[PDB]
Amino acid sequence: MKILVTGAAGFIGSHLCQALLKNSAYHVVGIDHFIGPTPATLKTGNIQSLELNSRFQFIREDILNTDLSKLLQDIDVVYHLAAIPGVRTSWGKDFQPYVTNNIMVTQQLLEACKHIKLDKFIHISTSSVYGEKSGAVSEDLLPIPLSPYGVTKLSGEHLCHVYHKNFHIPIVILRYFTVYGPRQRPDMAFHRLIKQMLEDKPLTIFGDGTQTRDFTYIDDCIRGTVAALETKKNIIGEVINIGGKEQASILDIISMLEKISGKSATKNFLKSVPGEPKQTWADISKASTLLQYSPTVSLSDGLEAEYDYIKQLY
């Protein structure tokens, strides 16, 4: 088929394109405006290989300015990953690009998909929509975001449901849980903490470090994401959690990084940042059932992979 990947030069999008291109029967169109928290230099690195592949077409344009008629011509599947993704930087004057790139972009894509015959529109969303929840969260749980970011991503999900129900756009929603590994964005905790540790600079901890995440290794995330395309079973209209092998606190992670480096971290404990939950924890039963999803990369292996990537990057 022809598969459109929005946000193709980003962390997850770059990996997803590479995975799809291993199947000789797939042709990939990647669109990326090179905005958000990752510098354009890192994004060029993410796609340099991809651009050599003859079955990849790269478009460096804003989805809000591009000819969406041309873009979606003969597209069989859309993977919509384009977004402004930072939890902590979505307040005051920094909110507008979240609304433009998370809400207006999703709506304009969904409008463009009304007059074409997609197999699937695979919309990427976030554990950030759940907000502050206790236990493993299931996809039927009432979402109450804690960040303006989370609000804009949940508005994107609701636009998906509006366009599915009214115009039969074949939407599938994936909710990722804190994805890490090679090419992780430089605003995320593991990139920052590894870069700090490499430079013998203080590790920046927001609050006391006891907060936990369901960290998902990139290869696990991509296996789940590709499974959503490749299943022959009806998952249209479904919201599916994609979570990781092993939860950990930021203190637990730092201890694991010290074992990889053989260094001892200097720690700087900052104020908690408004808008962050203290815990995330996916119930991935539905992904297990629908996609045969099971994450297999341990934090020790995934963290070594990221540490190696960050060291070579800088």
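If you superpose the two forms and keep the largest set of C-alpha atoms that fall within 1.5 Å, you have the rigid core. The numbering used is simple: start at 1 and walk along the sequence shown.
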item	value
Farther-lying stretch by C-alpha RMS in 4 other deposited structures of this protein, rigid core as reference, of 245-253 and 278-286	278-286
RMS Cα shift after core superposition in 4 other deposited structures of this protein, winner of 155-163 and 225-233	225-233
Entry-level comparison of average CA B-factors, 261-269 and 278-286, reporting the higher stretch	261-269
Of 140-148 and 174-182, the one with larger mean CA B-factor	140-148
Member of 38, 249, 44, 49 with the greatest C-alpha B factor (per the PDB record)	49
Residue with highest C-alpha B-factor in the PDB entry, from 115, 213, 195, 158	115
Residue 313 CA temperature factor, ranked by third within the chain	highest
Residue 62 by Cα B-factor - lowest, middle or highest third of the modelled chain	middle
Among modelled residues of the same chain, the CA temperature factor third for residue 18	middle
Record-listed C-alpha B factor of residue 202: chain third	highest
Third of the chain's Cα B-factor distribution that residue 8 belongs to, per the entry	lowest
